[PDB]
Structure formats: C-alpha cells, structure tokens
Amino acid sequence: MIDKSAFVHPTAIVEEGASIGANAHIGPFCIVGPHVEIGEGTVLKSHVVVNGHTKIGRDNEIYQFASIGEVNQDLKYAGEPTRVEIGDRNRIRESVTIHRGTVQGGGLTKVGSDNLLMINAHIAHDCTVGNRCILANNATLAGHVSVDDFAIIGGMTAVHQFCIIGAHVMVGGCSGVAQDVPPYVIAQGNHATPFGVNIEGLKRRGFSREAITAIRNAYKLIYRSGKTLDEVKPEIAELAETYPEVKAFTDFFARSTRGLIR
C-alpha cells in the first residue's frame, strides 16, 4: 500500500504490492517493484530503480541513477528470491548499486543506518555494511564483504570478496584490499598494508585516551611484537578485560577468514 501522505510522481512507476510509508517521496521516472518496502520520509530523487525483495528504512535519501535490490553479478545466481535490507538516514548517491544476495551466500545484502555511499559505490551480493560508514566515489565491494561500523573506504578503492573491513578502519583512496583489516586500523596501498591506528577517527568519535592507548597496544601486539596471531589473541583478550574497546579485536578475529593485511 502507498500511504496517503506519500508523494508519487505521475511519471514514476510503482508496482501494485509495493509498500510506501508516510511522507515518502518518489520522484520522476523512478521504478519501484512489487516486493519493495520504502520507509517513512524516504526520498527517491528521480531516475531510481528499486526492485527485488527489498526493504528500505526511514529518512533515506536516494539519488538519481541508483539501482537498489537489483540482480547481483555472481554467475552462480539463478533468480532466487533473495533480499536487500537498508536501514535509516542513509545518503545513497548517484549511480550507487546495491545488489541482492545469493542463496549460497546467505540470501541477504544488508546496509545499516547513517551511512554515506558516494557516487558509483558498489555493494555486491551478500555484503554487510554497518552504521556510520563512508564509501567514497567508486568504492567497490566484491561479494560477501563486511564493512563494520564507522569504517571508511577511500575513493577508487576495491575490496576482495569475503574480506572484513573492521570497525573504525580508514582505507586510503586508490587502494586494493585483498585480506581482512582489523578494527581501528589505517590501511593503504595495492595491495593494502597497515599504517597504524586511526587515532584521529577515534578522537572525533569520543574515544578516551586510555582506550586509544589500549588499542595502540593491541595493534603493536599484532604487528610489532613478532609473535603469531594465535600467540597474541589471549593477550589481547586479557587487555579487553580492562579496556572494553579492545574486545572489537577479539570479535573481529572470530569472523576473519582471509588472514590479516600485513
């Protein structure tokens, strides 16, 4: 159903079955499929295609030439009714693509809230983007990539399939990420390597100096101690008992499958 207070441009094509929330705005030449849900106050500027089994939250701004919920690019995909979930207050810029999941990959592509996805950012099938992230122009995620809370992916940067980009990470522009990036880490290069802790990001986000110190110490255990990851895991866990922010490392390690960028 289309809410009585939603605006639907006469030139827009909203298929019967679509759910459009209160004070939503569907601009000129948009197409909205029958399995799409668009939340209260969400705006599709113009020339937006939303299809598939796709749920979009509240107060989103989706710009022209974006394609949301579209068939993914995995040759394994066969037309199964897979899904996209997008949260609230995202800014999804011109030409952004967010593709539906695959059954093989869990069936769901998910984007959280308060993210900025810049021009031609690509969120492939089975990706999970958290909250407060930034993907700069042309930032490209292959299938099954996680981008955790507050992580920033620089302009022109691509991420290899299955990789995890940890919370509060900053990946520099013109980079190629081939392995997992621990939380709080600055990454740059092709292929990307680690360049210390994202101190500036943590400062601005209200991290205490004790927490930043602890995180820096965890970083040093991983990259400067000369020990294996298996050796330092318990040390990092111990540190997390005093500084809860360090637990982010422990949680990340349990999800990591591709090894760490080094």
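We number the residues from 1 along the sequence you see.
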Look over 69 to 77 and 185 to 193 in the entry and identify the one with the greater average Cα temperature factor.
185 to 193
Test of understanding: from the entry's C-alpha B-factors, which stretch has the higher mean, 218 to 226 or 45 to 53?
218 to 226
Place residue 60 in the lowest, middle or highest third of its chain's C-alpha B-factors, as listed in the PDB entry.
middle
Sorting the chain's CA B-factors, does residue 120 end up in the lowest, middle or highest third?
lowest
Please place residue 104 in the lowest, middle or highest third of its chain according to the CA B-factor in the PDB entry.
highest
